[PDB]
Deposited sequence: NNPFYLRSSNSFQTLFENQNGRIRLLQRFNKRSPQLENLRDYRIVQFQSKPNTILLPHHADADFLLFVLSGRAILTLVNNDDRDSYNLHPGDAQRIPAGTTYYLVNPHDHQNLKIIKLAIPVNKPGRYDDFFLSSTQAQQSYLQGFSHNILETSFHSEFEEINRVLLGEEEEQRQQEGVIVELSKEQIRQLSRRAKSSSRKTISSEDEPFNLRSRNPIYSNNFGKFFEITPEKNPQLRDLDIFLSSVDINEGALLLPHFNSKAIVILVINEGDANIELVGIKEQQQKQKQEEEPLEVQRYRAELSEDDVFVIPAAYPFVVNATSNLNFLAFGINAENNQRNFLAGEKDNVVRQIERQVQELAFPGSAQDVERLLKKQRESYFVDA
């Protein structure tokens, strides 16, 4: 019973699912246990869709920070007078302001589209609703919420017309993810602007973690990260994003984040995490794809890859976060203690400590 571990097979609630894909909402971080209370305004959403599909137009009373784990997506946000459309590849991230109507195409022919969105609801901490403009066997259009008179007046048309064309009270679709012809992807994709090296510090276009060099990278791992200091959209959310690769049989060395609260999601592969909290308490879990683990701020932890692994991290409370390592040569806080203090904090000579800590000649990732 590890409250910071959310196994994908029992921590989600399906919101919409059919033959074309699925939208699952993670359980609230706080309802499991009160140690995660300052995550109460955040939810994780998972979106997955079959090739040649579109998620129909809708908005939500929540900001979404979306990140493409794998596949390809056309994300099109439709404003009251304009339309922004973006071509997303793995590693691409983009903020969707609360209450923006958008739709989401998977234009690939064989690859499934895998998206995670950090949701930030506006009206009530941690709970929001999807408002679907469309009419569909799964859900009613929100335009159906207005009376016959009000609708007739607003559309300057008889109710029969507006019901036949918009609502369908057979003629309507089956779900909120539906299939596309080739011709329509051919037209829906061809206005979509793609992320670039020149977008890493843009205020509107999508940006990509992996388009820049890792902060740490050796023969055993790669750690990509983008922080509020570099991106104004992450600056506004006070969030950082990381995407880290670990070879099978290697680990990310024990470390902790000074002030950021980390939500990590397994994208591919499996891994063993150990987490330390306060006499000390060991928190352990064995993870697989779609699993979620949360590292409270300043709690040390380690990630031991048991297969080839990638995970995404969301860093809440991100501003001026420091990643402090407890082993290895680079970024090792323990080795920065004055020698006389090392002497008194541990049982052992200064030189006996100094020698023990110099042994691991590598940094960040090592072989296991």
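In this entry, the deposited residues absent from the coordinate set span 170-172, 282-295.
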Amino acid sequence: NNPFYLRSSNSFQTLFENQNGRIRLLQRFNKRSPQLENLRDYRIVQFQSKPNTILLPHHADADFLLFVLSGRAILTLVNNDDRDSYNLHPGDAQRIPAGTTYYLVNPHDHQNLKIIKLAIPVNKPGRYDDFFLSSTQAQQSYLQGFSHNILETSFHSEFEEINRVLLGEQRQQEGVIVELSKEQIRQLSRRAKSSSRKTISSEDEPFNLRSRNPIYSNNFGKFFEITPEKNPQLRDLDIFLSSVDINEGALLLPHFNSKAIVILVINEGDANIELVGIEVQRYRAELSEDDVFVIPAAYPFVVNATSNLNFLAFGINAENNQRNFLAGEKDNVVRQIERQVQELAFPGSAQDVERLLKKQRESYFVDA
From here on, numbers count along this sequence of modelled residues.
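Legend: mean Cα B-factor per stretch from the PDB entry, 347-355 versus 20-28; the higher mean is in 347-355. When the two stretches 51-59 and 328-336 are set side by side, the higher mean Cα temperature factor goes to 328-336. The PDB entry gives the largest Cα B-factor of the residues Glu183, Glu225, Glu248, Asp245 to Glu183. Of the residues listed, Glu268, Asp92, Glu274, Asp204, the entry assigns the biggest Cα temperature factor to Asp204. Looking at the C-alpha B-factors along this chain, the one for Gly99 belongs to the lowest third. The PDB entry assigns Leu69 a C-alpha temperature factor belonging to the middle third of its chain's modelled residues. Split the chain's modelled residues into thirds by C-alpha temperature factor. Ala313 is in the lowest one. Annotation for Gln46: CA B-factor lies in the lowest third of the chain's modelled residues.
Ranked by C-alpha B-factor against the other modelled residues of its chain, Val294 falls in the lowest third.
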